[PDB]
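Working notes for the structure below.
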Number of protein chains: 2
Amino acid sequence: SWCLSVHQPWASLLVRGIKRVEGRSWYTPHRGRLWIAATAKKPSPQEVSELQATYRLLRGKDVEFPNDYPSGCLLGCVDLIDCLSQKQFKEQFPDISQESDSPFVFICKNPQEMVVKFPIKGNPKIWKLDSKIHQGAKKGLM
Amino acid sequence: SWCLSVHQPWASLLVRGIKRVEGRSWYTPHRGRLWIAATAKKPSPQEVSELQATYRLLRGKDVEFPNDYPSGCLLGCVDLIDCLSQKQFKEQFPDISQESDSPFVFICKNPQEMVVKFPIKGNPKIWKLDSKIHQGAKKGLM
DNA sequence: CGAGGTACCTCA
DNA sequence: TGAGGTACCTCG
């Protein structure tokens, strides 16, 4: 029932599993499922292509990117299995630690996409989904 | 019947004679009456007092400023008696040449202020007034 | 110039 | 965050 808002294109990269970590300045004790919502900020087409070029390099030439990066909507979820400090991040994930220099790094597993994405208005940090949109989001994960 | 648009507060300082010259990058052969219209850009209260402080220093503590600096209107006129180059300006006006560092300097005498100021939309450089507003402007100088 | 779309900034 | 006022930018 808990959500984090992320700017696109990184938000959809999170729910596809291409982006494996999110960095923030603040810690959370939250573990488990964490819905991912796209903020209202639309990314430029330059921003999308440049960033996709980077993740092709990091992940593989033929990595499959979403056709679209929608704003202001509930995208899917991850399981937040740990919230590591930069120092903990460098010692536990040496092969990906360059992918976030943030003070706190959210380690994500099991990315899931909803095929139908629902409009939503977010809040800072980890915020609670309303029950109506939570129930549809769960049904959207079938 | 020719006009030049100036930003406030300098526009009204011109028609009051507190500001004696105007600097531009471009030369004009125009001589004689030159109406002065304020541009649409409204000046902040800071740039009004700052500039008033400076011209008190240059002209005397008790110099009489206009009560307001209205935008987008015909303010009055000057006689453009010469359009000097920066080199000519330093030669002929040594006591005021610090008051404009522009490539060309409009030398102004005989400032007149209209009592009632008419809305107007300007153009770059020296542009011609429409006859209707010109007849009224001449009438406002009685 | 004047106009207005776009980018930036701040939020009892 | 999302919202919107303000400042900046460009113009057959």
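As shown in the structure tokens, the chain order sets the letters A, B, ...; within each chain, residues go from 1, and ligands are also counted from 1 in the order they appear.
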Distance filter 10 Å, only C-alpha atoms (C1' of nucleotides), chain B against chain C, as a list in words
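Matching residues, ligands excluded from the count: residues 5, 39, 40, 41, 72, 121, 122, 123, 124 and 125 of chain B.
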Hey, what does DSSP flag as strand (DSSP E or B) within range 8-136 of chain B? Can you give it to me as a PyMOL selection string?
chain B and resi 21-24+32-38+73-85+104-119+126-128
Please produce a file of those selected residues containing C-alpha atoms, as a compact mmCIF listing (two decimals), in the first residue's frame.
# COMPACT_ATOMS: atom_id res chain seq x y z
CA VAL B 21 21.44 61.73 -22.81
CA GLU B 22 20.32 58.37 -24.13
CA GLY B 23 22.77 55.73 -25.33
CA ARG B 24 22.06 53.33 -28.19
CA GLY B 32 14.54 68.00 -33.71
CA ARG B 33 11.53 66.93 -31.72
CA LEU B 34 11.59 63.27 -30.67
CA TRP B 35 8.66 61.96 -28.68
CA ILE B 36 9.46 59.63 -25.78
CA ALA B 37 7.21 56.65 -25.04
CA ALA B 38 7.65 54.26 -22.15
CA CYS B 73 2.42 55.32 -22.80
CA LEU B 74 3.52 58.50 -24.54
CA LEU B 75 5.35 60.60 -21.94
CA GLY B 76 6.48 63.72 -23.74
CA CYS B 77 9.32 64.70 -26.05
CA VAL B 78 12.82 66.09 -26.30
CA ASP B 79 14.75 67.87 -29.00
CA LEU B 80 17.50 65.53 -30.22
CA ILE B 81 20.10 68.15 -31.05
CA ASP B 82 22.91 65.72 -31.88
CA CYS B 83 23.75 62.02 -32.15
CA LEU B 84 27.40 61.73 -31.16
CA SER B 85 29.76 58.80 -31.24
CA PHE B 104 26.08 56.39 -30.02
CA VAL B 105 24.73 59.02 -27.63
CA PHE B 106 21.54 61.01 -28.19
CA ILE B 107 22.01 64.59 -26.94
CA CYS B 108 18.73 65.94 -25.60
CA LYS B 109 17.53 69.48 -24.85
CA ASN B 110 14.13 71.09 -24.12
CA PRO B 111 12.35 68.24 -22.28
CA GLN B 112 8.56 68.48 -22.23
CA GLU B 113 6.18 66.30 -20.21
CA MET B 114 2.58 65.78 -21.26
CA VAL B 115 0.12 66.21 -18.42
CA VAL B 116 -2.07 63.34 -19.64
CA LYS B 117 -0.20 60.29 -20.96
CA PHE B 118 -1.74 58.13 -23.71
CA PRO B 119 -1.48 54.34 -24.01
CA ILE B 126 12.75 55.70 -34.19
CA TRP B 127 9.16 55.00 -35.25
CA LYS B 128 6.35 57.28 -36.47
Near chain A, meaning an atom within 12 Å, which residues of chain D appear when counting only C-alpha atoms (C1' of nucleotides)? Write them as a PyMOL selection string.
chain D and resi 1-3
Quick one: pick out all helix (DSSP H, G or I) residues within chain A from a backbone DSSP run and write them as a PyMOL selection string.
chain A and resi 10-16+45-59+86-92+97-99+131-139
To one decimal place, how far is CA of residue 94 in chain A from CA of residue 56 in chain A in Å?
19.3 Å
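Here CA of residue 12 in chain A is placed at a distance of 19.2 Å from CA of residue 139 in chain A.
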